[PDB]
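Structure record follows, encoded as structure tokens.
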Amino acid sequence: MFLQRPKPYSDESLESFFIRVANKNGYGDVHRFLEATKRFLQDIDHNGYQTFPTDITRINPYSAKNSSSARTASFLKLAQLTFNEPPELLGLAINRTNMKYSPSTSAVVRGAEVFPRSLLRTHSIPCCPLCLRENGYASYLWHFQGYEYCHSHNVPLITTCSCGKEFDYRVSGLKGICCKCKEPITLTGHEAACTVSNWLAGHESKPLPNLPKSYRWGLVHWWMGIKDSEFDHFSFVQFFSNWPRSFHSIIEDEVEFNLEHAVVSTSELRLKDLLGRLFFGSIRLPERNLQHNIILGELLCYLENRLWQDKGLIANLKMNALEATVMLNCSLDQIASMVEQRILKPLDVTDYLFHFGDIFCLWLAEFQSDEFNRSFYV
Amino acid sequence: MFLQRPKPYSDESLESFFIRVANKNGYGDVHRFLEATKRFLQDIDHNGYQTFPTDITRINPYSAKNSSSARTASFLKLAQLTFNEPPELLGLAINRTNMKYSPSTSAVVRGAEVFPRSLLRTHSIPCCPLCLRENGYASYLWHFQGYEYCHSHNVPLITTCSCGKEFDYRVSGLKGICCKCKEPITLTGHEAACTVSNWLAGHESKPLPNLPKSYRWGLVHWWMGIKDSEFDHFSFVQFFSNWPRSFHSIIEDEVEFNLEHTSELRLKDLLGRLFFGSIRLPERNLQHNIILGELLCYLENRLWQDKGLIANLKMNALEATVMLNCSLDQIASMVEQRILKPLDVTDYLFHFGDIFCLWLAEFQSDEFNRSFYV
Ligand SMILES: [Zn+2]
Ligand SMILES: [Zn+2]
Ligand SMILES: [Zn+2]
Ligand SMILES: [Zn+2]
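If you read the protein sequences in the order shown, they are chains J and I. Here the first sequence stands for residues 1 to 188, 193 to 350, 360 to 391, where the numbers follow the entry's author numbering. Here the second sequence stands for residues 1 to 188, 193 to 265, 270 to 350, 360 to 391, where the numbers follow the entry's author numbering.
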């Protein structure tokens with residue numbers, strides 16, 4: 001099998017890539033192209049040729065249950081032999097990863113952008129009938145929640161055509177011709197999400213900060229837990245006009261509430277009981293790089309400064325051997341090694366034996382890194 | 001107690017900070033200030049006042065046995081109480097850190113710059129008396145080997161004066177007046197170390213790459229294991245001078261010594281020195297750990313060449329966690345569900370053509386990922 005590469009684009013999705021290859025090389029559709037792709041992998045002695053799907057829906061590496069390792073091994077072999085010039089297809093596929101958010105939100109990766117798994121769309125993919133006729137391809141941002149508006153047009157994406165039927169570009173082509181009435185879809193102008201859709205594109209909008217593509221998705225899963233609802237876009241804009249003093253407006257509310265509503269005495273207080281929501285909700289977004297995770301990197305500033313104010317209230321919060329490992333970015337064995345030789349002053362892991370100012374000052378002298386340290390937010 | 005901040009600098013050592021305070025504010029030497037400082041912590045009931053040193057040698061937080069957590073806890077109080085405008089003292093200390101190098105070298109950290117533990121000077125700190133008269137304070141680079149020449153005057157660093165006696169700023173102040181002679185010290193041109201110490205400082209100097217301060221210092225440990233000797237400043241410049249074909253020139257010769265010394273060949277038997285000595289130096293940022301990405305770019309275009317020679321090189325489950333940056337529990341999890349294909362942990366049932374395809378599918382990150390060396 002000898003193919004030709006179409007016009008390359010760094011923002012084209014994976015499902016939009018196989019459609020443009022089959023239309024350029026004279027194939028009928030994408031279903032007959034993936035069937036001939038499976039036939040070529042059988043002839044070249046591939047290990048997972050029988051697991052290659054013929055559907056454009058499950059062509060992504062996260063849809064594979066156990067054959068994910070043979071999926072990109074099939075993707076790497078096609079880029080080296082079936083084209084005159086080697087394309088870039090591994091950077092366009094959504095790969096799984098072991099990276100988690102706080103407290104337990106899973107995440108995936110696509111090249112140099114770590115996507116949240118919880119913000120991935122799986123029911124219906126929206127699209128735009130303008131970019132599919134001007135750019136000639138589909139954006140990779142159409143598969144995720146949050147990119148509700150088209151970024152440089154001040155229009156939303158479409159979900160249902162004028163005759164009651166939906167349009168999905170994966171099953172009905174990249175032109176924009178719907179299934180039932182075979183017409184182009186009529187469109188259905194704010195700023196509250198046009199600021200967001202410009203910012204979730206990876207681009208600059210003020211006052212929202214300059215961050216990598218992964219670390220702008222990290223604010224979105226966090227801010228949904230703030231409202232305890234779905235994402236609100238205009239309150240996202242107004243919240244960072246007072247950055248960080250709207251986040252300073254939050255932590256003042258959160259320590260002053262749970263001291264009132266403390267059920268135990270002020271010496272028997274725990275870190276999870278005063279600040280179990282704020283501190284355990286910003287650790288890995290996606291990592292502990294406080295140079296880009298500005299949430300925890302600011303949270304540390306409003307924790308270190310007031311430590312020994314108010315009789316050392318914050319610096320004396322009880323902690324387990326469990327949540328000592330969460331803050332230090334270590335394991336339970338390194339806690340159990342520092343109770344033998346007593347670098348760390350004191360085993361039951363779930364019995365509250367430690368203090369917060371003890372664990373906070375241990376990080377600053379024994380457990381920093383080139384990203385998770387005190388010297389970026391200062 | 002109530003003091004004054006001097007002119008604050010972005011390269012002052014920590015030992016120079018307790019002399020520029022102790023001279024200015026009416027103490028006799030550095031010993032008097034440390035003795036006064038320890039008592040102060042007793043009055044405000046700090047827990048580790050009894051571990052606070054009266055020696056300026058052991059002032060750094062790695063010199064503590066168990067009280068390194070209470071030494072920066074002693075340091076987190078003085079910047080808030082005993083001054084007018086808070087000085088930067090935690091940004092000057094040499095803290096420990098857990099960032100292991102290749103193969104097992106530990107690390108220390110001073111703010112946002114991580115150093116090899118094996119490159120710390122401990123006998124006698126060389127210095128430049130021209131910075132000890134015009135700047136008058138001690139640059140933190142003087143605490144480390146690899147830095148031999150002063151990069152601000154192109155003049156060497158002194159270790160033994162004209163009377164056969166040494167010189168150190170922790171015992172002879174910051175003026176430059178020695179012990180035996182109490183004179184100005186008589187001084188002691194190259195380029196090969198001059199441009200390294202300009203690169204070791206944190207400026208842009210060619211042909212040494214634009215790496216960060218954590219990664220400009222991760223290479224000097226790596227090259228001394230290559231030559232297996234003391235550090236030659238001449239060859240460390242000329243090694244980077246023909247990138248990539250000087251770095252590849254050892255690589256294509258590493259295989260030829262180890263091909264002759270074919271399926272029972274291993275990745276530890278054929279590419280064992282280049283790969284296992286380059287994973288974390290200090291970390292896995294392939295934008296700035298250029299050693300792995302260029303070797304991966306060498307070995308991505310060598311995966312199924314030579315009838316798949318490099319695809320047939322054997323790996324364990326222990327040395328697969330070194331690559332994939334995971335634990336042994338996730339390795340045994342991929343054996344039950346059978347994503348990675350062949360329990361004995363040190364078993365040779367895993368090959369390099371099998372591991373590298375799994376990392377492009379299930380184990381990327383934002384820094385240990387293919388998205389830089391494309
Ligand atoms: Zn567009
Ligand atoms: Zn229509
Ligand atoms: Zn000088
Ligand atoms: Zn002398």
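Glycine included, every Cβ here is placed at the ideal spot set by N, Cα and C.
| Asked | Found |
| --- | --- |
| From which residue to which residue does the beta strand (DSSP E) around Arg110(J) run? | 106-110 |
| With a Cβ-Cβ cutoff of 9 Å, do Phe18(J) and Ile56(J) count as a contact? | yes |
| Does the beta carbon of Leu76(J) come closer than 9 Å to any beta carbon on chain I? | yes |
| Tell me, which residues are paired with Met99(I) by DSSP? | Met99(I) pairs with nothing; no bridge assigned. |
| Please report the straight-line C-alpha distance between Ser382(I) and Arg96(J), rounded to a whole angstrom. | 10 Å |
| Among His123(J), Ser104(J), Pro126(J), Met99(J), which residue has its Cα nearest to the Cα of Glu113(J)? | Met99(J) |
| Assess contact between the stretch 116-130 of chain I and the stretch 152-163 of chain I, defined as three or more Cβ pairs (one per stretch) separated by less than 8 Å. Is contact present? | yes |
| Indicate whether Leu204(I) and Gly146(I) have their beta-carbon atoms separated by less than 9 Å. | yes |
| With respect to the beta strand (DSSP E) encompassing residue 430(J), which residues constitute its N-terminal and C-terminal limits? | Residue 430(J) lies beyond the range of chain J shown here (1 to 391); nothing can be said about it. |
| Anyone know if the C-beta pair for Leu89(I) and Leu141(I) falls short of 9 Å? | no |
| Is the stretch 66-75 of chain J in contact with the stretch 367-384 of chain I, if contact means three or more CB pairs nearer than 8 Å? | yes |
| For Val114(I), report the span of its beta strand (DSSP E) as first-last. | 114-116 |
| Can you name, in chain order, every residue of its own chain whose Cβ lies under 6 Å from the Cβ of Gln42(I), other than the five neighbours on each side? | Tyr49 |
| When the Cα of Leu174(J) is compared with those of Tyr137(J), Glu208(J), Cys198(J), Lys182(J), which residue comes out closest? | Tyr137(J) |
| Taking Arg58(I) as the reference, give the member of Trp227(I), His31(I), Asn47(I) with the closest Cα. | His31(I) |
| Taking Cβ positions, are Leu321(I) and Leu279(I) nearer each other than 9 Å? | yes |
| Check whether chain I comes within 9 Å of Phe115(J), counting only Cβ atoms and requiring the distance to be less than that. | no |
| Please report the distance separating the alpha-carbon of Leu81(J) from that of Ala196(J). | 47 Å |
| Determine the chain I residues that contact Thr51(J) at a beta-carbon separation under 8 Å, and present them in chain order. | Chain I residues near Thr51(J): none, gap ~11 Å exceeds 8 Å. |
| Taking 8 Å as the cut-off, is the CB of residue 392(J) close to at least one heavy atom of ligand 3? | Residue 392(J) lies beyond the range of chain J shown here (1 to 391); nothing can be said about it. |
| Classify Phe144(I) as buried or exposed, calling it buried when 16 or more other Cβ atoms lie within 10 Å of its own Cβ. | buried |
| Does the Cβ of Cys128(J) lie closer than 8 Å to at least one heavy atom of ligand 1? | yes |
| Starting from the C-beta of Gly176(I), find all residues in its chain whose C-beta is less than 7 Å away, skip the five residues before and the five after it, and write them out in chain order. | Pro129, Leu132, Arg133, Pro184, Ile185 |
| Taking beta-carbon pairs under 7 Å, can you tell me which members of the stretch 375-387 of chain J lie near chain I? | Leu375, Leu377, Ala378, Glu379, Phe380, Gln381, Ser382, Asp383, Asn386, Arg387 |
| May I ask you to report which of helix, strand or coil DSSP gives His368(J)? | strand |
| So with CB distances below 9 Å, who are the chain I contacts of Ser68(J)? | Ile347, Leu375, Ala378, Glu379 |
| Which residues in chain I sit within 7 Å of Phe389(J), going by Cβ to Cβ distance? | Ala112 |
| First and last residue of the alpha helix (DSSP H) that includes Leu14(I)? | 14-24 |
| Straight-line CA distance for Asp29(J) to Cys334(I)? | 41 Å |
| Is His153(I) near ligand 3, with its Cβ less than 8 Å from a heavy atom? | yes |
| Check whether the Cβ of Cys198(J) sits closer than 8 Å to any heavy atom of ligand 1, and report yes or no. | no |
| Thinking just about the alpha-carbon of each residue, which of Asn84(J), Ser63(J), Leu304(J) is nearest to the one in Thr122(J)? | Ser63(J) |
| So which residues of chain I does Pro61(J) contact, with C-beta pairs closer than 7 Å? | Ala378 |
| Using the Cα positions of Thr329(J) and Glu384(I), report the straight-line distance between them to the nearest angstrom. | 23 Å |
| Do you know how far the Cα of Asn202(J) is from the Cα of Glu208(J)? | 7 Å |
| If contact means a Cβ-Cβ distance below 8 Å, which residues of the stretch 205-237 of chain I contact chain J? | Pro216, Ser218 |
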